């Protein structure tokens, strides 16, 4: 069961409304392991607040170490199901362009080899 499945559409909209009042300079981001991804570990939490000045390069780095990944274990962040955002892009811009209808910004993480394997 994903985050969207355990909580209705109305609950998530309200949830976004409230947390944005509390943190006007943070982006609410839902970060989950991609369903086909078995090699990379799971995170302990699903819901994150990222400071809105952060770029994608910095967010990947934060997720890397929070995942305790080794030198050469690559992972890709797919945003809003369909997008691979250039690393320099600020997340505030990614929020405004890629946020879900419910007001969350959704991401899944997977190795390139996992995304490759699934496309093939």
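Basically, rigid core = biggest C-alpha set you can superpose within 1.5 Å across the two forms. Numbering follows the first chain given and starts at 1.
After a core fit, the C-alpha atoms in 6 other deposited structures of this protein lie farther on average from the shown form in one of 10 to 18 and 104 to 112, namely 104 to 112. Greater average departure of CA atoms from the shown form, over structures and residues in 6 other deposited structures of this protein after a core fit, characterises 66 to 74 among 66 to 74 and 91 to 99.
Here 75 to 83 and 30 to 38 are compared by their mean Cα B-factor, and 75 to 83 comes out higher. In this entry, 4 to 12 shows the higher mean Cα temperature factor of the pair 4 to 12 and 109 to 117. Within the listed group 54, 94, 43, 60, the record reports its top CA B-factor for 43.
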